[PDB]
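Peer 1: Fold the following and give me the result.
(chains A, B and C)
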Amino acid sequence: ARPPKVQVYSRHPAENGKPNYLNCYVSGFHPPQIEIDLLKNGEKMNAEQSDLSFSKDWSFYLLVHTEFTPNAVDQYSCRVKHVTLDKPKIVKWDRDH
Amino acid sequence: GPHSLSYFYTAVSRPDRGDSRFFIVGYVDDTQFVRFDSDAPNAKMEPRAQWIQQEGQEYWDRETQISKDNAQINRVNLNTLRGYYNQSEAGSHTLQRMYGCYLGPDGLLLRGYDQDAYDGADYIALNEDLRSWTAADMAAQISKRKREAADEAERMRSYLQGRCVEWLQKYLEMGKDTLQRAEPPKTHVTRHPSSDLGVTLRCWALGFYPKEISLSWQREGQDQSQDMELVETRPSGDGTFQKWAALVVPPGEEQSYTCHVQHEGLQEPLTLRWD
Amino acid sequence: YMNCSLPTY
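Peer 2: Numbers count the residues shown, from 1 in each chain, chains lettered A, B, ... in the order given. Take a look at the structure below.
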(Lines give C-alpha, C1' and ligand atoms only; values in the text may rest on other atoms or scores of the structure.)
Protein backbone atom coordinates (compact mmCIF):
# COMPACT_ATOMS: atom_id res chain seq x y z
CA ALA A 1 0.00 0.00 0.00
CA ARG A 2 1.52 3.33 -1.28
CA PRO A 3 -0.09 6.75 -0.64
CA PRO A 4 -1.43 9.17 -3.25
CA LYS A 5 0.67 12.19 -4.22
CA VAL A 6 -1.63 15.17 -5.09
CA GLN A 7 -1.11 18.22 -7.36
CA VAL A 8 -3.82 20.98 -7.71
CA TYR A 9 -3.08 23.37 -10.63
CA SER A 10 -4.73 25.35 -13.49
CA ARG A 11 -4.22 24.43 -17.20
CA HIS A 12 -3.19 28.04 -18.11
CA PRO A 13 -1.61 30.56 -15.69
CA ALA A 14 -4.66 32.03 -13.86
CA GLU A 15 -6.04 35.58 -14.63
CA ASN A 16 -9.03 36.70 -12.41
CA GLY A 17 -12.24 36.65 -14.56
CA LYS A 18 -10.64 34.64 -17.50
CA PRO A 19 -12.07 31.11 -18.13
CA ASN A 20 -9.60 28.25 -17.34
CA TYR A 21 -9.52 24.57 -16.17
CA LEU A 22 -8.75 23.36 -12.64
CA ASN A 23 -6.95 19.96 -12.40
CA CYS A 24 -6.36 17.61 -9.45
CA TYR A 25 -3.68 14.99 -10.45
CA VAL A 26 -3.47 12.04 -7.98
CA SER A 27 -0.74 9.38 -8.52
CA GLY A 28 1.64 6.81 -6.98
CA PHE A 29 -1.27 5.20 -5.01
CA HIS A 30 -2.16 1.55 -4.35
CA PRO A 31 -4.70 0.04 -4.02
CA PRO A 32 -6.93 1.75 -6.67
CA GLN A 33 -10.03 2.47 -4.44
CA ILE A 34 -9.86 6.30 -3.77
CA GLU A 35 -12.17 9.39 -3.43
CA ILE A 36 -10.89 12.60 -5.20
CA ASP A 37 -13.06 15.76 -4.78
CA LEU A 38 -12.36 19.20 -6.33
CA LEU A 39 -13.73 21.70 -3.73
CA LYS A 40 -14.84 25.35 -4.23
CA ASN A 41 -14.99 27.20 -0.82
CA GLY A 42 -14.95 23.70 0.77
CA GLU A 43 -17.91 22.25 -1.31
CA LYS A 44 -17.67 19.35 -3.85
CA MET A 45 -17.70 20.52 -7.55
CA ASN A 46 -19.09 18.28 -10.38
CA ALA A 47 -15.73 17.40 -12.07
CA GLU A 48 -15.00 14.64 -14.66
CA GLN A 49 -12.56 11.86 -13.60
CA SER A 50 -10.17 10.23 -16.15
CA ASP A 51 -10.19 6.43 -16.70
CA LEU A 52 -8.16 4.46 -14.11
CA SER A 53 -4.63 3.87 -15.58
CA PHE A 54 -1.25 2.99 -14.00
CA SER A 55 2.53 3.54 -14.27
CA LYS A 56 5.52 1.22 -15.00
CA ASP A 57 5.69 0.55 -11.15
CA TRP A 58 1.92 -0.52 -11.05
CA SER A 59 0.95 2.58 -9.00
CA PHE A 60 -2.42 4.11 -10.14
CA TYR A 61 -3.10 7.67 -11.44
CA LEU A 62 -6.29 9.76 -11.94
CA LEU A 63 -7.01 13.29 -13.29
CA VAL A 64 -10.08 15.06 -11.78
CA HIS A 65 -10.85 18.23 -13.81
CA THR A 66 -13.58 20.85 -14.57
CA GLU A 67 -13.96 24.32 -16.16
CA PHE A 68 -13.70 27.25 -13.70
CA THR A 69 -13.09 31.02 -13.90
CA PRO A 70 -10.70 32.27 -11.20
CA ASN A 71 -11.61 35.45 -9.21
CA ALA A 72 -10.26 37.30 -6.09
CA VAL A 73 -12.92 35.74 -3.71
CA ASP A 74 -13.14 31.97 -4.57
CA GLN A 75 -10.93 29.35 -2.75
CA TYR A 76 -10.16 25.96 -4.45
CA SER A 77 -8.76 22.74 -2.97
CA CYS A 78 -8.60 18.97 -3.73
CA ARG A 79 -9.58 16.35 -1.08
CA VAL A 80 -8.27 12.74 -1.36
CA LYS A 81 -9.47 9.86 0.88
CA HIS A 82 -7.44 6.60 0.65
CA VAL A 83 -7.03 3.54 3.00
CA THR A 84 -3.37 4.76 3.33
CA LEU A 85 -4.44 8.12 4.95
CA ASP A 86 -5.84 8.41 8.55
CA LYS A 87 -7.45 11.79 7.63
CA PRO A 88 -8.36 13.16 4.16
CA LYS A 89 -5.49 14.91 2.25
CA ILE A 90 -6.46 18.51 1.31
CA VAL A 91 -4.13 20.46 -1.07
CA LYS A 92 -5.08 24.13 -1.64
CA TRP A 93 -4.80 25.58 -5.18
CA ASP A 94 -2.12 28.32 -5.36
CA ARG A 95 -2.07 29.93 -8.87
CA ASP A 96 1.78 30.13 -8.51
CA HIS A 97 2.30 27.05 -6.20
CA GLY B 1 12.42 7.92 -28.85
CA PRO B 2 10.33 4.96 -30.20
CA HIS B 3 6.50 4.94 -30.78
CA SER B 4 4.57 2.29 -28.77
CA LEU B 5 1.14 0.67 -28.49
CA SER B 6 0.31 -0.61 -24.93
CA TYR B 7 -2.73 -1.93 -22.96
CA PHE B 8 -3.20 -1.58 -19.12
CA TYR B 9 -5.71 -4.06 -17.60
CA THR B 10 -6.93 -3.75 -13.96
CA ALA B 11 -9.17 -6.43 -12.37
CA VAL B 12 -10.32 -5.61 -8.77
CA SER B 13 -12.45 -8.00 -6.63
CA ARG B 14 -15.50 -6.47 -4.82
CA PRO B 15 -16.36 -8.77 -1.85
CA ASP B 16 -19.44 -6.66 -0.80
CA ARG B 17 -21.04 -7.03 -4.30
CA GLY B 18 -19.70 -10.65 -4.60
CA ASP B 19 -18.13 -9.89 -8.04
CA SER B 20 -15.20 -8.00 -9.65
CA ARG B 21 -14.66 -4.94 -11.87
CA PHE B 22 -12.50 -4.97 -15.02
CA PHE B 23 -10.86 -1.79 -16.45
CA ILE B 24 -8.93 -1.55 -19.76
CA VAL B 25 -7.14 1.50 -21.16
CA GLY B 26 -5.14 1.58 -24.39
CA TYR B 27 -2.34 4.05 -25.16
CA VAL B 28 -0.25 5.02 -28.21
CA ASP B 29 2.84 6.77 -26.69
CA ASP B 30 1.49 9.18 -23.99
CA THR B 31 -2.01 9.45 -25.63
CA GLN B 32 -5.03 7.43 -24.31
CA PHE B 33 -7.20 6.18 -27.23
CA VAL B 34 -9.65 3.55 -25.77
CA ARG B 35 -11.25 2.52 -22.43
CA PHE B 36 -13.49 -0.30 -21.15
CA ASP B 37 -15.17 -0.68 -17.72
CA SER B 38 -17.21 -3.85 -16.94
CA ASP B 39 -19.47 -1.67 -14.67
CA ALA B 40 -20.71 0.45 -17.67
CA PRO B 41 -24.27 -0.66 -18.61
CA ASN B 42 -24.05 -2.69 -21.87
CA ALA B 43 -20.21 -2.31 -21.52
CA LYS B 44 -18.29 -1.69 -24.80
CA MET B 45 -14.76 -0.62 -25.74
CA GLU B 46 -15.26 3.19 -26.23
CA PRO B 47 -13.13 5.71 -28.16
CA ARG B 48 -11.18 8.33 -26.11
CA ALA B 49 -9.24 10.07 -28.91
CA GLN B 50 -10.67 11.94 -31.97
CA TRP B 51 -8.65 9.83 -34.45
CA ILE B 52 -9.99 6.39 -33.31
CA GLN B 53 -13.74 7.20 -33.86
CA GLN B 54 -13.21 6.67 -37.69
CA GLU B 55 -12.85 2.83 -37.11
CA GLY B 56 -15.92 0.75 -38.22
CA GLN B 57 -18.36 -1.39 -36.12
CA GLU B 58 -16.32 -4.65 -36.74
CA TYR B 59 -13.27 -2.96 -35.01
CA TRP B 60 -15.42 -1.96 -31.93
CA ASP B 61 -17.24 -5.35 -31.86
CA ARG B 62 -13.96 -7.38 -31.64
CA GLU B 63 -12.21 -5.13 -29.04
CA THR B 64 -15.52 -5.33 -27.04
CA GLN B 65 -15.66 -9.18 -27.23
CA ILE B 66 -12.00 -9.50 -26.04
CA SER B 67 -12.76 -6.95 -23.26
CA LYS B 68 -15.80 -9.01 -22.10
CA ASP B 69 -13.83 -12.34 -22.26
CA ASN B 70 -10.92 -10.63 -20.41
CA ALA B 71 -13.41 -9.38 -17.75
CA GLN B 72 -15.10 -12.84 -17.23
CA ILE B 73 -11.81 -14.92 -16.99
CA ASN B 74 -10.06 -12.24 -14.79
CA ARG B 75 -12.93 -12.72 -12.24
CA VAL B 76 -11.90 -16.46 -11.82
CA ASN B 77 -8.17 -15.47 -12.15
CA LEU B 78 -8.62 -13.25 -9.00
CA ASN B 79 -10.31 -16.25 -7.28
CA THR B 80 -7.42 -18.55 -8.43
CA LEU B 81 -4.70 -16.20 -6.99
CA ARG B 82 -6.75 -15.80 -3.77
CA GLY B 83 -6.46 -19.62 -3.41
CA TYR B 84 -2.68 -19.72 -4.10
CA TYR B 85 -2.17 -17.08 -1.36
CA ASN B 86 -4.63 -18.69 1.16
CA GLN B 87 -6.49 -15.34 1.31
CA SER B 88 -10.01 -14.73 2.75
CA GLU B 89 -12.91 -13.76 0.40
CA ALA B 90 -13.37 -10.76 2.87
CA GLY B 91 -10.55 -8.66 1.23
CA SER B 92 -10.40 -6.78 -2.09
CA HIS B 93 -7.37 -7.77 -4.27
CA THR B 94 -6.18 -6.34 -7.63
CA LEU B 95 -4.69 -8.06 -10.70
CA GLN B 96 -2.84 -5.76 -13.13
CA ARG B 97 -1.36 -6.64 -16.55
CA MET B 98 0.42 -4.38 -19.07
CA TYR B 99 1.68 -5.35 -22.55
CA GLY B 100 2.86 -3.59 -25.67
CA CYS B 101 5.25 -3.37 -28.62
CA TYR B 102 7.79 -0.60 -29.27
CA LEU B 103 8.44 0.06 -33.01
CA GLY B 104 11.99 -0.55 -34.36
CA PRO B 105 13.29 1.74 -37.20
CA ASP B 106 12.90 -1.16 -39.78
CA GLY B 107 9.07 -1.51 -39.21
CA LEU B 108 9.55 -4.57 -36.92
CA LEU B 109 9.23 -5.03 -33.12
CA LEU B 110 12.07 -3.32 -31.18
CA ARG B 111 11.08 -4.48 -27.62
CA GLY B 112 7.87 -6.32 -26.57
CA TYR B 113 6.57 -6.77 -22.98
CA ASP B 114 3.79 -8.66 -21.11
CA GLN B 115 4.01 -8.33 -17.27
CA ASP B 116 1.33 -8.89 -14.59
CA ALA B 117 1.06 -8.01 -10.86
CA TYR B 118 -1.07 -9.04 -7.84
CA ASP B 119 -1.83 -6.35 -5.15
CA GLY B 120 0.80 -4.18 -6.91
CA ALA B 121 3.78 -6.63 -6.75
CA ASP B 122 5.38 -8.28 -9.85
CA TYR B 123 3.77 -11.72 -10.47
CA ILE B 124 5.04 -12.96 -13.92
CA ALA B 125 6.98 -11.20 -16.72
CA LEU B 126 7.63 -12.51 -20.25
CA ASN B 127 11.46 -12.27 -20.81
CA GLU B 128 13.04 -10.14 -23.65
CA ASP B 129 13.42 -13.37 -25.77
CA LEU B 130 9.54 -13.71 -25.80
CA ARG B 131 10.13 -17.51 -25.38
CA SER B 132 10.31 -17.85 -21.55
CA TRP B 133 8.79 -16.39 -18.37
CA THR B 134 10.10 -15.20 -14.96
CA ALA B 135 7.98 -15.79 -11.79
CA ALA B 136 8.20 -13.72 -8.53
CA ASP B 137 7.15 -16.41 -5.97
CA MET B 138 5.51 -19.83 -5.23
CA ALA B 139 2.01 -18.76 -6.51
CA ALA B 140 3.45 -17.28 -9.75
CA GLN B 141 5.55 -20.44 -10.35
CA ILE B 142 2.24 -22.47 -10.44
CA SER B 143 0.86 -19.98 -13.06
CA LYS B 144 4.24 -20.04 -14.98
CA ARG B 145 3.95 -23.87 -15.27
CA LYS B 146 0.43 -23.78 -16.83
CA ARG B 147 1.63 -21.17 -19.37
CA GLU B 148 4.64 -23.38 -20.34
CA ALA B 149 2.31 -26.43 -20.53
CA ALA B 150 0.09 -24.53 -23.06
CA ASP B 151 2.96 -22.94 -25.15
CA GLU B 152 1.56 -19.48 -24.29
CA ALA B 153 4.85 -17.60 -24.96
CA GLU B 154 4.58 -18.32 -28.74
CA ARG B 155 1.04 -16.81 -28.88
CA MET B 156 2.28 -13.61 -27.06
CA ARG B 157 5.41 -13.51 -29.35
CA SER B 158 3.20 -13.90 -32.53
CA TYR B 159 0.90 -11.08 -31.24
CA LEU B 160 3.79 -8.73 -30.31
CA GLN B 161 5.76 -9.45 -33.56
CA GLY B 162 2.68 -9.33 -35.92
CA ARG B 163 -0.72 -7.76 -34.95
CA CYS B 164 0.71 -5.34 -32.33
CA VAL B 165 3.22 -3.51 -34.65
CA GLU B 166 0.80 -3.84 -37.66
CA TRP B 167 -1.98 -1.89 -35.80
CA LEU B 168 0.53 0.50 -34.11
CA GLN B 169 1.69 1.60 -37.65
CA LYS B 170 -2.05 1.72 -38.64
CA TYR B 171 -2.83 4.05 -35.63
CA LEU B 172 0.16 6.39 -36.19
CA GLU B 173 -1.27 6.96 -39.72
CA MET B 174 -4.91 7.42 -38.47
CA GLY B 175 -3.81 10.11 -35.90
CA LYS B 176 -0.60 11.41 -37.67
CA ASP B 177 -1.92 15.01 -37.13
CA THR B 178 -1.74 14.59 -33.28
CA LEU B 179 0.56 11.54 -32.44
CA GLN B 180 3.59 12.53 -34.66
CA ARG B 181 3.73 16.36 -34.32
CA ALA B 182 5.61 17.73 -31.25
CA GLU B 183 4.10 20.66 -29.26
CA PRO B 184 7.05 22.65 -27.82
CA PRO B 185 6.55 24.02 -24.27
CA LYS B 186 5.20 27.59 -23.77
CA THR B 187 7.69 28.83 -21.08
CA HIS B 188 7.96 31.75 -18.57
CA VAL B 189 9.89 32.42 -15.31
CA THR B 190 8.04 33.79 -12.22
CA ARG B 191 9.48 35.57 -9.13
CA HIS B 192 8.07 35.32 -5.57
CA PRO B 193 9.93 36.53 -2.46
CA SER B 194 8.56 33.63 -0.24
CA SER B 195 10.69 34.59 2.85
CA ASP B 196 12.98 37.47 3.95
CA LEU B 197 15.80 34.87 3.38
CA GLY B 198 15.59 34.07 -0.39
CA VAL B 199 13.51 34.77 -3.55
CA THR B 200 11.76 31.85 -5.37
CA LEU B 201 12.44 31.68 -9.15
CA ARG B 202 10.08 29.24 -10.97
CA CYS B 203 10.63 28.02 -14.57
CA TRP B 204 7.34 26.82 -16.23
CA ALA B 205 6.87 24.53 -19.28
CA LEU B 206 3.15 24.33 -20.38
CA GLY B 207 1.12 22.58 -23.12
CA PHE B 208 4.00 20.28 -24.31
CA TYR B 209 3.72 16.88 -26.08
CA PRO B 210 5.16 14.33 -25.69
CA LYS B 211 5.70 13.81 -21.87
CA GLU B 212 9.59 13.58 -21.94
CA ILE B 213 11.19 17.00 -21.06
CA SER B 214 14.37 18.31 -19.31
CA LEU B 215 14.14 21.25 -16.80
CA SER B 216 17.41 22.39 -15.09
CA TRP B 217 18.64 25.64 -13.43
CA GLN B 218 22.10 27.25 -14.03
CA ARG B 219 24.29 29.98 -12.44
CA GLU B 220 27.77 30.64 -13.96
CA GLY B 221 27.90 27.34 -15.98
CA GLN B 222 27.11 25.57 -12.62
CA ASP B 223 24.03 23.22 -12.56
CA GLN B 224 21.67 23.73 -9.51
CA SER B 225 19.84 20.32 -9.77
CA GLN B 226 20.77 19.52 -6.08
CA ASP B 227 18.99 22.74 -4.84
CA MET B 228 15.91 23.06 -7.18
CA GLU B 229 12.41 21.57 -6.56
CA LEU B 230 11.20 19.68 -9.70
CA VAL B 231 7.42 18.69 -9.68
CA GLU B 232 6.22 15.35 -11.13
CA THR B 233 5.31 15.96 -14.87
CA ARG B 234 1.49 16.38 -14.87
CA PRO B 235 -1.27 16.48 -17.51
CA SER B 236 -2.79 19.79 -18.81
CA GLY B 237 -6.20 18.13 -19.46
CA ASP B 238 -6.19 18.62 -23.29
CA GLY B 239 -3.64 15.86 -24.21
CA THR B 240 -0.51 17.96 -23.33
CA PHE B 241 1.78 18.15 -20.24
CA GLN B 242 3.23 20.76 -17.83
CA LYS B 243 6.19 20.84 -15.42
CA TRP B 244 8.01 23.45 -13.37
CA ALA B 245 11.40 23.65 -11.63
CA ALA B 246 11.81 26.21 -8.77
CA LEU B 247 14.99 27.38 -7.03
CA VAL B 248 15.64 29.83 -4.18
CA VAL B 249 18.28 32.55 -4.84
CA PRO B 250 19.76 35.50 -2.90
CA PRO B 251 17.92 38.87 -3.21
CA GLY B 252 19.63 40.94 -5.97
CA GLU B 253 20.95 37.87 -7.88
CA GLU B 254 17.74 36.78 -9.84
CA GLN B 255 19.15 37.75 -13.36
CA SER B 256 22.33 35.68 -12.64
CA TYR B 257 20.27 32.39 -12.96
CA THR B 258 19.20 30.77 -16.32
CA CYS B 259 16.59 27.95 -16.76
CA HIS B 260 17.40 25.31 -19.47
CA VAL B 261 14.52 23.61 -21.41
CA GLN B 262 15.20 20.63 -23.75
CA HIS B 263 12.20 19.02 -25.56
CA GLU B 264 11.64 17.12 -28.89
CA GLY B 265 9.55 20.04 -30.32
CA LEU B 266 12.16 22.87 -29.90
CA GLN B 267 14.56 23.58 -32.87
CA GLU B 268 17.31 23.69 -30.15
CA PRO B 269 17.39 23.86 -26.30
CA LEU B 270 15.90 27.07 -24.75
CA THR B 271 17.54 29.52 -22.25
CA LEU B 272 15.24 31.84 -20.11
CA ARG B 273 16.06 34.26 -17.22
CA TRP B 274 13.61 36.31 -15.07
CA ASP B 275 12.41 39.85 -16.28
CA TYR C 1 -5.65 -3.99 -31.51
CA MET C 2 -5.83 -6.15 -28.32
CA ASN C 3 -4.34 -9.68 -27.89
CA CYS C 4 -6.94 -12.46 -28.70
CA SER C 5 -5.06 -15.06 -26.59
CA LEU C 6 -5.45 -15.08 -22.77
CA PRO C 7 -2.55 -15.79 -20.36
CA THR C 8 -3.38 -18.58 -17.78
CA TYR C 9 -3.07 -18.08 -13.94
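Peer 1: Which helix or which strand is home to the residue most central in space within chain A?
Peer 2: The structure's chain A has its C-alpha centroid closest to residue A:24; by Cα atoms, centre = their mean the separation is 2.0 Å. Take DSSP states H and E as the rule and residue A:24 turns out to sit in strand A:20-29.
Peer 1: moving C-terminal of that strand, what's the next helix or strand?
Peer 2: With DSSP H and E, the next secondary element past strand A:20-29 is strand A:35-40.
Peer 1: circling back to that earlier point, tell me the contacts of the residue nearest to the centre of chain A?
Peer 2: Taking Cβ atoms under 8 Å, 6 or more residues apart in numbering or on different chains as the criterion, residue A:24 is in contact with A:6, A:7, A:8, A:36, A:38, A:47, A:63, A:64, A:65, A:78, A:80, A:91. Heads up, the C-betas are built off the backbone N, CA and C, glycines and all.
Peer 1: out of these, which touch chain B?
Peer 2: Among those, the residues within reach of chain B (Cβ under 8 Å from any Cβ of the partner chain) are A:7, A:63, A:65.
Peer 1: As a markdown table, the residues you listed with neighbour count, secondary structure and distance to residue B:54 would be great.
Peer 2: Below are those laid out as a markdown table (neighbours: other Cβ atoms under 10 Å in any protein chain shown; DSSP: H, G, I helix; E, B strand; the rest coil; distance: Cβ to Cβ, whole Å):
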| residue | neighbour count | secondary structure | distance to residue B:54 |
| --- | --- | --- | --- |
| A:7 | 19 | strand | 34 |
| A:63 | 21 | strand | 25 |
| A:65 | 21 | strand | 26 |
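Peer 1: what lines up beside the strand holding residue A:24 in the sheet?
Peer 2: When pairs are called by DSSP bridges, strand A:20-29 turns out to pair with strand A:5-10 (antiparallel), strand A:60-68 (antiparallel).
Peer 1: So the residue nearest to residue A:62 when sequence neighbours are not counted versus residue A:1, what's the distance?
Peer 2: By the measure of Cβ to Cβ, 6 or more residues apart in numbering or on different chains, the closest residue to residue A:62 outside its immediate chain neighbours is residue A:26, 5.0 Å from it. Counting by Cβ to Cβ, to the nearest Å, the gap between residue A:26 and residue A:1 amounts to 15 Å.
Peer 1: the more surrounded of those two?
Peer 2: Applying other Cβ atoms under 10 Å in any protein chain shown to residue A:26 and residue A:1 shows that residue A:26 carries more neighbours, namely 25 against 10.
Peer 1: so what's the residue lying closest to residue B:183 once chain neighbours are set aside up against?
Peer 2: Closest residue to residue B:183 in three dimensions, ignoring its sequence neighbours and counting by Cβ to Cβ, 6+ apart: residue B:209, at 4.2 Å. Residue B:209 makes contacts with B:30, B:181, B:182, B:183, B:239, B:240, B:241, B:265, as judged by Cβ under 8 Å, 6+ apart.
Peer 1: Apply 7 Å and report the result again.
Peer 2: B:182, B:183, B:239, B:240, B:241 (Cβ atoms under 7 Å, 6 or more residues apart in numbering or on different chains).
Peer 1: If any of those are buried, give me the ChimeraX selection for them.
Peer 2: The ChimeraX command for the buried members of the contacts of residue B:209 (criterion: 16 or more other Cβ atoms under 10 Å in any protein chain shown) is given here:
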select /B:183,240,241
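Peer 1: Quick one: the contacts of residue B:209 as TSV, columns for secondary structure too.
Peer 2: Output for these, formatted as TSV (DSSP: H, G, I helix; E, B strand; the rest coil):
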residue	secondary structure
B:182	coil
B:183	strand
B:239	coil
B:240	coil
B:241	strand
